[PDB]
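Beneath this line is the structure, given in structure tokens, with notes to follow.
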Amino acid sequence: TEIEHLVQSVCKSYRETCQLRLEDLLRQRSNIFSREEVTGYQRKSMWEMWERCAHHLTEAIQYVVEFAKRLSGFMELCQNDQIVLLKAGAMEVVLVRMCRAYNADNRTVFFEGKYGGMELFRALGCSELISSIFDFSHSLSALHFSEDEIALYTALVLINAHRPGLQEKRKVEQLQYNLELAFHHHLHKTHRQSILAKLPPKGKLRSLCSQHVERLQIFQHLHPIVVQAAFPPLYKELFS
Ligand SMILES: CC(C)CCC[C@](C)(O)[C@H]1CC[C@H]2[C@@H]3CC=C4C[C@@H](O)CC[C@]4(C)[C@H]3CC[C@@]21C
Ligand SMILES: Cc1cc2c(s1)c(-c1ccc(C(=O)O)cc1)nn2C(=O)c1c(Cl)cccc1Cl
């Protein structure tokens, strides 16, 4: 029942930090930006669109940090390892979380109160990267991830003992094994083991997120936003 407790606690942390309620996201699917509203976004400066997106993304990261902090055993890891795991995984989790807010039927994402396609972001001049992010969401949406599946899978995105630079690898391994067991046990219970073969190849998420963060760093170098820094040890690793 320790494993059943872990599922409960991981799902609770997810529920408290998921940002956007699934029921809201699904209900709002019909609420789509008009051609006029799309043009409005496309006409905005690259730099205004950057400010908006950067602020949304830092907020998304911060919810992922809060998620991690409420995972059993995470706070008992040394700060070095906490940072190593967050620096490697927090944005990967954000990209995974996007799939909930993505509608495969019309290739739109929920953004600033309505659904819009990737063309909403034209002013940023990142069409290939953004298309790749949308495509990643388009792939994941075919899994029809449940909320508990997202919670358990994203916990594992973070708690990965293979990240270079861990000081107490065996401590991270122990957390990882318990989370893997929780996830696999849960899939068996719900007759959802079929998703295991369909999950992203790990390299895919890594390279996509690496390219994403690279682009965020470029924008930040050219036109830095001011961040409401909630987690100084992590902030210090990403900003300079
Ligand atoms: C490279 C960047 C300059 C441009 C990235 C453009 C994206 C891919 O077009 C970004 C912009 C805003 C981003 C979203 C901002 C906040 C959220 C809430 C979070 O809970 C899930 C992801 C989600 C829904 C993001 C998904 C990707 C987005 C939708
Ligand atoms: C793996 C991680 C990637 C990433 C993290 S963590 C953070 C972040 C944010 C806030 C805090 C905090 O203390 O409140 C700590 C960390 N920003 N970020 C970015 O890619 C990013 C963004 Cl979202 C916007 C502009 C520039 C950049 Cl570089």
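Numbers given in the deposited numbering equal positions in the sequence shown, counted from 1, plus 267. Built from N, CA and C at the ideal position, the CB exists for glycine as well.
Taking the alpha carbon of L433 as the point to measure from, which residue in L505, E326, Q346 has its own alpha carbon closest?
On the sequence shown, position 166 is the one that residue 433 refers to. Residue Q346 is the option with its Cα nearest to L433.
Starting from the C-beta of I426, find all residues in its chain whose C-beta is less than 6 Å away, skip the five residues before and the five after it, and write them out in chain order.
Numbered from its first residue, the sequence shown carries residue 426 at position 159. Exclusion of the five residues before and after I426 leaves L442, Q443, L446 as the residues of its chain whose Cβ lies within less than 6 Å of its Cβ.
What's the C-alpha gap between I328 and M358?
Mapped onto the sequence shown, residue 328 falls at position 61. Mapped onto the sequence shown, residue 358 falls at position 91. Between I328 and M358, the C-alpha separation is close to 6 Å.
Using DSSP with H/G/I as helix, E/B as strand and the rest coil, what is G307?
Locating residue 307 in the sequence shown gives position 40, counting from the first residue. When secondary structure is reduced to three states using DSSP, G307 falls in the helix class.
Local conformation of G383 per DSSP, three classes
Indexing the sequence shown from 1 puts residue 383 at position 116. Reduced to three states, the DSSP call for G383 is strand.
Does the beta-carbon distance from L287 to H479 come in below 8 Å?
In the sequence shown, counting from the first residue as 1, residue 287 sits at position 20. In the sequence shown, counting from the first residue as 1, residue 479 sits at position 212. No, the Cβ-Cβ distance between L287 and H479 is not below 8 Å.
Any non-hydrogen atom of ligand 2 within 7 Å of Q478 CB
In the sequence shown, residue 478 corresponds to position 211, counting from 1. Not under cutoff, so the answer is no.
Quick one: residues in its chain with C-beta nearer than 6 Å to the C-beta of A428, no 5 flanking neighbours on either side, listed in chain order?
Counting from one through the sequence shown, the residue named residue 428 turns up at place 161. Correct list, in chain order: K436, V439, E440, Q443.
For the candidate residues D372, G380, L396, whose alpha-carbon lies nearest to that of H411?
As a working mapping, residue 411 is identified with position 144 in the sequence shown. Of the candidates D372, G380, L396, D372 places its Cα closest to the Cα of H411.
Nearest to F341 (by Cα), restricted to the options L489, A422, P431, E283
Reading the sequence shown from its first residue, position 74 is the one you call residue 341. Checked all of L489, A422, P431, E283; the closest Cα to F341 is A422.
Buried or exposed, going by whether 16 or more other CB atoms sit within 10 Å of the CB of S301?
The sequence position of residue 301 within the sequence shown is 34, counting from 1. Per the 10 Å Cβ criterion, exposed.
Cβ neighbour criterion (16 or more within 10 Å) applied to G356
The count along the sequence shown starts at 1 and reaches residue 356 at position 89. It is buried - the Cβ of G356 has at least 16 other Cβ atoms within 10 Å.
Can the beta-carbon of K354 be found less than 8 Å from the beta-carbon of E504?
Position 87 of the sequence shown, counted from the first residue, corresponds to residue 354. Position 237 of the sequence shown, counted from the first residue, corresponds to residue 504. In terms of Cβ geometry, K354 and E504 form a close pair [threshold 8 Å].
Report the rounded CA-to-CA distance for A464 versus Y369, giving the unit in angstroms.
The count along the sequence shown starts at 1 and reaches residue 464 at position 197. The count along the sequence shown starts at 1 and reaches residue 369 at position 102. Taken atom to atom, the span from the alpha-carbon of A464 to that of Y369 is near 22 Å.
Buried or exposed for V493, please, with buried defined as at least 16 other CB atoms from any protein chain shown within 10 angstroms of its CB.
For this step, residue 493 is matched to residue 226 along the sequence shown. Flag for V493 reads exposed.
Tell me whether the beta-carbon of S276 lies closer than 8 Å to the beta-carbon of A390.
The count along the sequence shown starts at 1 and reaches residue 276 at position 9. The count along the sequence shown starts at 1 and reaches residue 390 at position 123. Not closer than 8 Å, so no.
Rounded C-alpha distance that separates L501 from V424:
What you label residue 501 is simply residue 234 of the sequence shown in a count that begins at 1. What you label residue 424 is simply residue 157 of the sequence shown in a count that begins at 1. C-alpha of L501 to C-alpha of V424: approximately 17 Å in a straight line.
Which same chain residues end up closer than 6 Å to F403 when comparing Cβ atoms and leaving out the 5 residues on each side of it in sequence?
In the sequence shown, counting from the first residue as 1, residue 403 sits at position 136. Sequence-distant partners of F403 (beyond 5 residues in either direction) whose C-beta falls short of 6 Å from its own C-beta, in its chain, are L475.
Looking at the secondary structure, which residues open and close the alpha helix (DSSP H) in which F334 lies?
Counted from its first residue, the sequence shown places residue 334 at position 67. From DSSP, the alpha helix (DSSP H) with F334 extends over 313-336.
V376 - containing alpha helix (DSSP H), residue span:
As a working note, residue 376 is residue 109 in the sequence shown. Under the DSSP assignment, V376 falls outside any alpha helix (DSSP H), being part of the beta strand (DSSP E) whose first and last residues are 375-378.
Between which two residues does the alpha helix (DSSP H) carrying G470 extend?
Walking along the sequence shown from the start, residue 470 turns up at place 203. Here the alpha helix (DSSP H) through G470 covers 469-489.
By the 10 Å Cβ neighbour count, where 16 or more other Cβ atoms means buried, how is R367 classified, buried or exposed?
The residue given as residue 367 occupies position 100 in the sequence shown. Answer is buried; the Cβ neighbour count reaches 16.
Could you check what DSSP says for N370 in three-state terms: helix, strand or coil?
The residue given as residue 370 occupies position 103 in the sequence shown. Correct three-state label for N370: strand.
May I ask you to check if the CB of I270 is nearer than 7 Å to at least one heavy atom of ligand 1?
Taking the first residue of the sequence shown as 1, we reach residue 270 at position 3. At a threshold of 7 Å, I270 does not count as near ligand 1, since its beta carbon sits no closer than that to any of the ligand's heavy atoms.
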